[PDB]
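What's in my_file-v4.cif: mmCIF, C-alpha atoms and all ligand atoms
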```cif
data_coords
#
loop_
_atom_site.group_PDB
_atom_site.id
_atom_site.type_symbol
_atom_site.label_atom_id
_atom_site.label_comp_id
_atom_site.auth_asym_id
_atom_site.auth_seq_id
_atom_site.Cartn_x
_atom_site.Cartn_y
_atom_site.Cartn_z
ATOM 1 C CA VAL A 3 -1.808 -0.173 -48.897
ATOM 2 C CA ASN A 4 -5.149 -1.163 -50.455
ATOM 3 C CA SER A 5 -8.567 0.448 -50.915
ATOM 4 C CA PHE A 6 -10.603 -1.558 -48.388
ATOM 5 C CA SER A 7 -12.258 0.786 -45.875
ATOM 6 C CA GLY A 8 -13.811 0.418 -42.430
ATOM 7 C CA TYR A 9 -12.507 -3.071 -41.580
ATOM 8 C CA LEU A 10 -11.663 -4.213 -38.061
ATOM 9 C CA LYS A 11 -8.285 -5.944 -37.806
ATOM 10 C CA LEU A 12 -8.537 -9.397 -36.194
ATOM 11 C CA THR A 13 -5.000 -10.716 -36.805
ATOM 12 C CA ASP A 14 -1.898 -9.891 -38.809
ATOM 13 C CA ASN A 15 -3.726 -10.978 -41.984
ATOM 14 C CA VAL A 16 -7.495 -11.230 -41.269
ATOM 15 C CA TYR A 17 -9.910 -8.258 -41.335
ATOM 16 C CA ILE A 18 -13.702 -8.191 -40.857
ATOM 17 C CA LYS A 19 -16.587 -5.804 -41.614
ATOM 18 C CA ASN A 20 -20.381 -5.644 -41.552
ATOM 19 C CA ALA A 21 -21.053 -5.338 -45.266
ATOM 20 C CA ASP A 22 -23.004 -6.670 -48.204
ATOM 21 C CA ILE A 23 -20.265 -8.434 -50.182
ATOM 22 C CA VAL A 24 -21.960 -7.431 -53.450
ATOM 23 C CA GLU A 25 -21.782 -3.737 -52.558
ATOM 24 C CA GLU A 26 -18.213 -4.089 -51.262
ATOM 25 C CA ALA A 27 -17.208 -5.644 -54.579
ATOM 26 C CA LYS A 28 -18.836 -2.997 -56.784
ATOM 27 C CA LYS A 29 -17.144 -0.252 -54.742
ATOM 28 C CA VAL A 30 -13.663 -1.758 -54.386
ATOM 29 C CA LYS A 31 -13.441 -3.855 -57.574
ATOM 30 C CA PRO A 32 -10.926 -6.160 -55.855
ATOM 31 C CA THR A 33 -8.580 -8.474 -57.681
ATOM 32 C CA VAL A 34 -10.414 -11.478 -56.189
ATOM 33 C CA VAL A 35 -13.917 -11.871 -54.780
ATOM 34 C CA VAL A 36 -14.711 -15.261 -53.236
ATOM 35 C CA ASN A 37 -18.003 -16.972 -54.024
ATOM 36 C CA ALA A 38 -19.652 -19.411 -51.610
ATOM 37 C CA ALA A 39 -20.074 -21.963 -54.399
ATOM 38 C CA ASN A 40 -21.483 -25.478 -54.633
ATOM 39 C CA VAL A 41 -19.880 -28.269 -56.653
ATOM 40 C CA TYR A 42 -22.238 -27.677 -59.608
ATOM 41 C CA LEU A 43 -21.665 -23.901 -59.649
ATOM 42 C CA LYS A 44 -25.450 -23.477 -59.456
ATOM 43 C CA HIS A 45 -25.664 -19.969 -58.014
ATOM 44 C CA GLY A 46 -29.190 -20.088 -56.656
ATOM 45 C CA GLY A 47 -29.189 -18.340 -53.296
ATOM 46 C CA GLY A 48 -27.070 -17.047 -50.483
ATOM 47 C CA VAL A 49 -23.917 -15.196 -51.467
ATOM 48 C CA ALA A 50 -23.740 -17.110 -54.764
ATOM 49 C CA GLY A 51 -27.222 -16.135 -55.883
ATOM 50 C CA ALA A 52 -26.539 -12.528 -54.882
ATOM 51 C CA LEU A 53 -23.214 -12.292 -56.734
ATOM 52 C CA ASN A 54 -24.675 -13.926 -59.824
ATOM 53 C CA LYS A 55 -27.698 -11.599 -59.842
ATOM 54 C CA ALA A 56 -25.333 -8.617 -59.689
ATOM 55 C CA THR A 57 -23.613 -9.919 -62.860
ATOM 56 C CA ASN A 58 -26.957 -10.099 -64.702
ATOM 57 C CA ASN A 59 -26.547 -13.932 -64.819
ATOM 58 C CA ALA A 60 -23.207 -13.742 -66.681
ATOM 59 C CA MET A 61 -21.574 -15.619 -63.795
ATOM 60 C CA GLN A 62 -24.044 -18.492 -64.249
ATOM 61 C CA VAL A 63 -23.551 -18.604 -68.042
ATOM 62 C CA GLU A 64 -19.773 -18.792 -67.604
ATOM 63 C CA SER A 65 -20.155 -21.373 -64.829
ATOM 64 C CA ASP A 66 -22.372 -23.647 -66.935
ATOM 65 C CA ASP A 67 -19.719 -23.730 -69.651
ATOM 66 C CA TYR A 68 -17.062 -24.485 -67.010
ATOM 67 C CA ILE A 69 -19.049 -27.460 -65.666
ATOM 68 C CA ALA A 70 -19.879 -28.762 -69.146
ATOM 69 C CA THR A 71 -16.141 -28.897 -69.892
ATOM 70 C CA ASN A 72 -14.678 -29.916 -66.530
ATOM 71 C CA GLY A 73 -17.384 -31.548 -64.433
ATOM 72 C CA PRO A 74 -18.205 -30.675 -60.837
ATOM 73 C CA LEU A 75 -15.768 -29.294 -58.318
ATOM 74 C CA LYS A 76 -14.739 -31.222 -55.210
ATOM 75 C CA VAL A 77 -16.097 -30.285 -51.801
ATOM 76 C CA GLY A 78 -13.179 -28.304 -50.399
ATOM 77 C CA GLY A 79 -12.064 -27.331 -53.906
ATOM 78 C CA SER A 80 -12.188 -24.198 -56.028
ATOM 79 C CA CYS A 81 -11.845 -22.715 -59.476
ATOM 80 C CA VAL A 82 -10.910 -19.253 -60.744
ATOM 81 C CA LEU A 83 -13.373 -17.663 -63.169
ATOM 82 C CA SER A 84 -14.105 -14.098 -64.242
ATOM 83 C CA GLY A 85 -15.179 -11.517 -61.692
ATOM 84 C CA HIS A 86 -17.397 -9.865 -64.334
ATOM 85 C CA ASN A 87 -18.443 -6.376 -63.154
ATOM 86 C CA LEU A 88 -17.573 -7.137 -59.511
ATOM 87 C CA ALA A 89 -13.849 -7.969 -59.489
ATOM 88 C CA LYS A 90 -11.056 -9.047 -61.793
ATOM 89 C CA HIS A 91 -11.538 -12.696 -60.787
ATOM 90 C CA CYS A 92 -14.029 -14.739 -58.815
ATOM 91 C CA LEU A 93 -12.611 -17.598 -56.754
ATOM 92 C CA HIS A 94 -15.486 -20.086 -56.456
ATOM 93 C CA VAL A 95 -14.811 -22.087 -53.269
ATOM 94 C CA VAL A 96 -16.908 -25.049 -52.099
ATOM 95 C CA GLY A 97 -17.282 -25.173 -48.337
ATOM 96 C CA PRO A 98 -19.121 -28.186 -46.914
ATOM 97 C CA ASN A 99 -22.906 -27.786 -46.701
ATOM 98 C CA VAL A 100 -23.988 -29.153 -43.313
ATOM 99 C CA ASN A 101 -27.583 -29.206 -44.576
ATOM 100 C CA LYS A 102 -26.365 -31.843 -47.079
ATOM 101 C CA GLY A 103 -24.501 -33.922 -44.482
ATOM 102 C CA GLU A 104 -21.063 -32.916 -45.762
ATOM 103 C CA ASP A 105 -18.029 -33.258 -43.498
ATOM 104 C CA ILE A 106 -17.294 -30.017 -41.638
ATOM 105 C CA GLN A 107 -13.624 -31.060 -41.515
ATOM 106 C CA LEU A 108 -13.406 -30.130 -45.216
ATOM 107 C CA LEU A 109 -13.783 -26.467 -44.221
ATOM 108 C CA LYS A 110 -10.037 -26.166 -43.617
ATOM 109 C CA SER A 111 -9.317 -27.538 -47.101
ATOM 110 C CA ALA A 112 -11.778 -25.005 -48.524
ATOM 111 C CA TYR A 113 -10.014 -22.073 -46.839
ATOM 112 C CA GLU A 114 -6.598 -23.326 -48.045
ATOM 113 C CA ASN A 115 -7.639 -22.211 -51.539
ATOM 114 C CA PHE A 116 -7.423 -18.601 -50.319
ATOM 115 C CA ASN A 117 -3.640 -18.968 -49.850
ATOM 116 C CA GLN A 118 -3.157 -18.987 -53.636
ATOM 117 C CA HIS A 119 -4.175 -15.288 -53.753
ATOM 118 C CA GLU A 120 -2.381 -12.407 -52.064
ATOM 119 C CA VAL A 121 -5.546 -10.385 -51.285
ATOM 120 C CA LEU A 122 -9.215 -11.434 -51.286
ATOM 121 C CA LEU A 123 -12.682 -10.177 -50.435
ATOM 122 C CA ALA A 124 -14.556 -13.150 -49.018
ATOM 123 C CA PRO A 125 -17.534 -14.417 -47.002
ATOM 124 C CA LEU A 126 -17.272 -16.880 -44.150
ATOM 125 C CA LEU A 127 -17.272 -20.301 -45.781
ATOM 126 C CA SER A 128 -20.081 -22.724 -44.918
ATOM 127 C CA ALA A 129 -21.976 -19.987 -43.047
ATOM 128 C CA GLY A 130 -25.487 -18.808 -43.869
ATOM 129 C CA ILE A 131 -27.513 -21.370 -45.807
ATOM 130 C CA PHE A 132 -24.591 -23.826 -45.780
ATOM 131 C CA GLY A 133 -25.543 -24.526 -42.168
ATOM 132 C CA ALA A 134 -22.240 -24.293 -40.279
ATOM 133 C CA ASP A 135 -21.501 -22.209 -37.192
ATOM 134 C CA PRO A 136 -20.161 -18.884 -38.555
ATOM 135 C CA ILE A 137 -18.087 -18.444 -35.387
ATOM 136 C CA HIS A 138 -16.330 -21.735 -36.152
ATOM 137 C CA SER A 139 -15.903 -20.691 -39.786
ATOM 138 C CA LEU A 140 -14.110 -17.512 -38.680
ATOM 139 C CA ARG A 141 -11.856 -19.570 -36.399
ATOM 140 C CA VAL A 142 -10.882 -21.937 -39.220
ATOM 141 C CA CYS A 143 -10.348 -18.945 -41.517
ATOM 142 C CA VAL A 144 -7.977 -17.210 -39.105
ATOM 143 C CA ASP A 145 -6.094 -20.451 -38.422
ATOM 144 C CA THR A 146 -5.769 -21.431 -42.115
ATOM 145 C CA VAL A 147 -5.527 -18.354 -44.338
ATOM 146 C CA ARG A 148 -2.118 -16.664 -44.393
ATOM 147 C CA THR A 149 -2.800 -14.183 -47.198
ATOM 148 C CA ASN A 150 -4.710 -10.930 -46.700
ATOM 149 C CA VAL A 151 -8.431 -11.600 -46.375
ATOM 150 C CA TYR A 152 -11.169 -8.968 -46.042
ATOM 151 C CA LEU A 153 -14.253 -10.724 -44.649
ATOM 152 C CA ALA A 154 -17.748 -9.343 -45.241
ATOM 153 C CA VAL A 155 -20.489 -10.424 -42.826
ATOM 154 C CA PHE A 156 -23.880 -9.380 -44.226
ATOM 155 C CA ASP A 157 -25.791 -9.663 -40.952
ATOM 156 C CA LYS A 158 -24.997 -6.867 -38.492
ATOM 157 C CA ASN A 159 -26.149 -8.964 -35.543
ATOM 158 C CA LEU A 160 -23.854 -11.837 -36.534
ATOM 159 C CA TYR A 161 -20.950 -9.448 -37.113
ATOM 160 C CA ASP A 162 -21.200 -8.077 -33.575
ATOM 161 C CA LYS A 163 -21.362 -11.634 -32.256
ATOM 162 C CA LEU A 164 -18.321 -12.616 -34.342
ATOM 163 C CA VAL A 165 -16.227 -9.656 -33.159
ATOM 164 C CA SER A 166 -17.328 -9.802 -29.531
ATOM 165 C CA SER A 167 -16.561 -13.530 -29.337
ATOM 166 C CA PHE A 168 -13.286 -13.495 -31.283
ATOM 167 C CA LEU A 169 -10.350 -14.904 -29.324
HETATM 168 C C1 LIG B 1 -22.077 -15.666 -42.908
HETATM 169 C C2 LIG B 1 -23.427 -15.810 -43.626
HETATM 170 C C3 LIG B 1 -23.404 -17.078 -44.516
HETATM 171 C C4 LIG B 1 -24.025 -16.981 -45.923
HETATM 172 N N1 LIG B 1 -24.238 -15.628 -46.476
HETATM 173 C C5 LIG B 1 -25.046 -15.483 -47.552
HETATM 174 O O1 LIG B 1 -25.568 -16.481 -48.028
HETATM 175 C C6 LIG B 1 -25.359 -14.167 -48.200
HETATM 176 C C7 LIG B 1 -24.346 -13.204 -48.430
HETATM 177 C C8 LIG B 1 -24.623 -11.983 -49.035
HETATM 178 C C9 LIG B 1 -25.939 -11.753 -49.444
HETATM 179 C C10 LIG B 1 -26.983 -12.695 -49.242
HETATM 180 C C11 LIG B 1 -26.685 -13.914 -48.614
HETATM 181 N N2 LIG B 1 -28.169 -12.201 -49.725
HETATM 182 C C12 LIG B 1 -27.840 -11.004 -50.190
HETATM 183 C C13 LIG B 1 -28.834 -10.086 -50.813
HETATM 184 O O2 LIG B 1 -28.455 -9.708 -52.111
HETATM 185 N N3 LIG B 1 -26.537 -10.670 -50.052
HETATM 186 C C14 LIG B 1 -25.852 -9.456 -50.456
HETATM 187 C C15 LIG B 1 -23.502 -14.563 -45.783
HETATM 188 C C16 LIG B 1 -23.907 -14.504 -44.317
HETATM 189 C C17 LIG B 1 -23.432 -13.162 -43.707
HETATM 190 O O3 LIG B 1 -22.331 -12.676 -44.056
HETATM 191 O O4 LIG B 1 -24.185 -12.625 -42.874
#
```
Take the structure in this file and express it as structure tokens.
Amino acid sequence: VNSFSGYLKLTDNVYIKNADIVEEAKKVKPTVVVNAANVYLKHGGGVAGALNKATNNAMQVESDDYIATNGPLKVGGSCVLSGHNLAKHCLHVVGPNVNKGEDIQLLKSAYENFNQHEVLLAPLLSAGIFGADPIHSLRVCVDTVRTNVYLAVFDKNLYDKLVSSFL
């Protein structure tokens, strides 16, 4: 039993809700919140900009030190950093950005990072400003993640389309 509330159950391990992931995180304080990161951990917009703003830019400060030490992430890769005031940890995961010409096939590799954590709050990878079909993202998520994932879809209209179309 966990403290997530109001989710619709899609499969044995995947759940989905119309929610602002920032507000879900502040309420639940999950062990892991997933960020829709880029390889530079430049949290400018989308979910990343929103999460970082909620941390008063502490996420960006920590991220800049991470990059200075380690260099950029791989597309499809991830790193674990602090969750600041939102969660114990933030798993920064790089889904491919279709608006950069990045291979959509790497989306499965991106979701595989979720399997290293028993429970996560997460957005649909490569959706929103990353330019991929959020319906496809949900499909890859369900077919790749085996751990317990609580998916927040900010846009109510998209959420209804995701649920109604889910096979
Ligand atoms: C699936 C699709 C992809 C990208 N995406 C975002 O970039 C995103 C997420 C949360 C955000 C946000 C932008 N802007 C704010 C305002 O502070 N918040 C709380 C989520 C979006 C969705 O779930 O509808």
List all protein, DNA and RNA residues that have an atom no more than 6 Å from any atom of ligand LIG 1 (chain B), counting only C-alpha atoms and all ligand atoms, and report them as JSON, numbers by chain. {"A": [22, 23, 24, 48, 49, 52, 125, 126, 129, 130, 131, 136, 154, 155, 156, 157]}
Taking into account only C-alpha atoms, which residue in the set A:94, A:141, A:19, A:148 is nearest to residue A:45?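 Of A:94, A:141, A:19, A:148, the one nearest residue A:45, counting only C-alpha atoms, is A:94.
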Distance in Å - atom CA of residue A:84 versus atom CA of residue A:118: 16.0 Å
For this structure, which residues satisfy the selection - the PyMOL selection byres (((chain A and resi 114) around 9) and not hetatm) - when it is evaluated on the file as given? I want them as a list in words.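 With the shown file as input, the PyMOL selection byres (((chain A and resi 114) around 9) and not hetatm) matches residues 78, 79, 109, 110, 111, 112, 113, 115, 116, 117, 118, 143, 146, 147 and 148 of chain A.
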List the spatial neighbours of stretch 98-108 of chain A as a list in words - criterion: any atom at most 7 Å away, only C-alpha atoms, same-chain residues fewer than 4 positions off excluded. residues 77, 78, 112, 128, 132, 133 and 134 of chain A
For atom CA of residue A:18 and atom CA of residue A:43, determine how far apart the two atoms are, in Å to one decimal place. 25.8 Å
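Nearest residue to residue A:51, choosing from A:39, A:73, A:13, A:96 and counting only C-alpha atoms: A:39.
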Which residue is closest to residue A:165? Choose from A:150, A:71, A:137, A:58 and count only C-alpha atoms.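 With only C-alpha atoms as the atom set, the closest residue is A:137.
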Can you tell me how far atom CA of residue A:60 sits from atom CA of residue A:9, in Å to one decimal?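 Value for the atom CA of residue A:60-atom CA of residue A:9 distance: 29.3 Å.
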Spatial neighbours of residue A:144, max dist 9 Å, all atoms listed in the file, sep filter under 4 positions, as JSON, numbers by chain: {"A": [12, 13, 15, 16, 139, 140, 148]}
Atoms kept (C-alpha atoms) for selection, written as a CSV table (one decimal), in the frame of the given file:
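Written out: result30.csv:
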```
chain,number,residue,atom,x,y,z
A,12,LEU,CA,-8.5,-9.4,-36.2
A,13,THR,CA,-5.0,-10.7,-36.8
A,15,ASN,CA,-3.7,-11.0,-42.0
A,16,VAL,CA,-7.5,-11.2,-41.3
A,139,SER,CA,-15.9,-20.7,-39.8
A,140,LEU,CA,-14.1,-17.5,-38.7
A,148,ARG,CA,-2.1,-16.7,-44.4
```
Give me stretch 145-164 of chain A with N, CA and C atoms filled in, as a CSV table (one decimal), keeping the file's coordinate frame.
```csv
chain,number,residue,atom,x,y,z
A,145,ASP,N,-7.1,-19.4,-38.7
A,145,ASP,CA,-6.1,-20.5,-38.4
A,145,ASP,C,-5.6,-21.1,-39.7
A,146,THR,N,-6.1,-20.8,-40.9
A,146,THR,CA,-5.8,-21.4,-42.1
A,146,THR,C,-5.2,-20.5,-43.2
A,147,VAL,N,-5.9,-19.3,-43.3
A,147,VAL,CA,-5.5,-18.4,-44.3
A,147,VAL,C,-4.4,-17.5,-43.8
A,148,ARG,N,-3.3,-17.5,-44.7
A,148,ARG,CA,-2.1,-16.7,-44.4
A,148,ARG,C,-2.0,-15.4,-45.3
A,149,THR,N,-2.8,-15.4,-46.4
A,149,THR,CA,-2.8,-14.2,-47.2
A,149,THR,C,-3.8,-13.2,-46.6
A,150,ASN,N,-3.9,-12.0,-47.3
A,150,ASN,CA,-4.7,-10.9,-46.7
A,150,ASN,C,-6.2,-11.1,-47.1
A,151,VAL,N,-7.0,-11.3,-46.1
A,151,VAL,CA,-8.4,-11.6,-46.4
A,151,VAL,C,-9.3,-10.5,-45.7
A,152,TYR,N,-10.2,-10.0,-46.5
A,152,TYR,CA,-11.2,-9.0,-46.0
A,152,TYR,C,-12.5,-9.6,-46.1
A,153,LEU,N,-13.0,-9.9,-44.9
A,153,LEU,CA,-14.3,-10.7,-44.6
A,153,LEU,C,-15.5,-9.8,-44.5
A,154,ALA,N,-16.5,-10.1,-45.3
A,154,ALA,CA,-17.7,-9.3,-45.2
A,154,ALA,C,-18.8,-10.2,-44.6
A,155,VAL,N,-19.4,-9.7,-43.5
A,155,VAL,CA,-20.5,-10.4,-42.8
A,155,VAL,C,-21.8,-9.6,-43.0
A,156,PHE,N,-22.7,-10.2,-43.8
A,156,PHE,CA,-23.9,-9.4,-44.2
A,156,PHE,C,-24.7,-9.0,-43.0
A,157,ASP,N,-24.9,-9.8,-42.1
A,157,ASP,CA,-25.8,-9.7,-41.0
A,157,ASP,C,-25.1,-8.9,-39.8
A,158,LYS,N,-25.6,-7.7,-39.5
A,158,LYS,CA,-25.0,-6.9,-38.5
A,158,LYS,C,-25.0,-7.6,-37.1
A,159,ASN,N,-26.1,-8.2,-36.8
A,159,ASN,CA,-26.1,-9.0,-35.5
A,159,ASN,C,-25.1,-10.0,-35.5
A,160,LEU,N,-24.9,-10.8,-36.5
A,160,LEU,CA,-23.9,-11.8,-36.5
A,160,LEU,C,-22.5,-11.2,-36.4
A,161,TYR,N,-22.2,-10.1,-37.2
A,161,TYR,CA,-21.0,-9.4,-37.1
A,161,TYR,C,-20.6,-9.1,-35.7
A,162,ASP,N,-21.5,-8.4,-35.0
A,162,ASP,CA,-21.2,-8.1,-33.6
A,162,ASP,C,-20.9,-9.3,-32.7
A,163,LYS,N,-21.6,-10.4,-33.0
A,163,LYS,CA,-21.4,-11.6,-32.3
A,163,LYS,C,-20.0,-12.2,-32.6
A,164,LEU,N,-19.6,-12.1,-33.9
A,164,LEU,CA,-18.3,-12.6,-34.3
A,164,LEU,C,-17.2,-11.8,-33.7
```
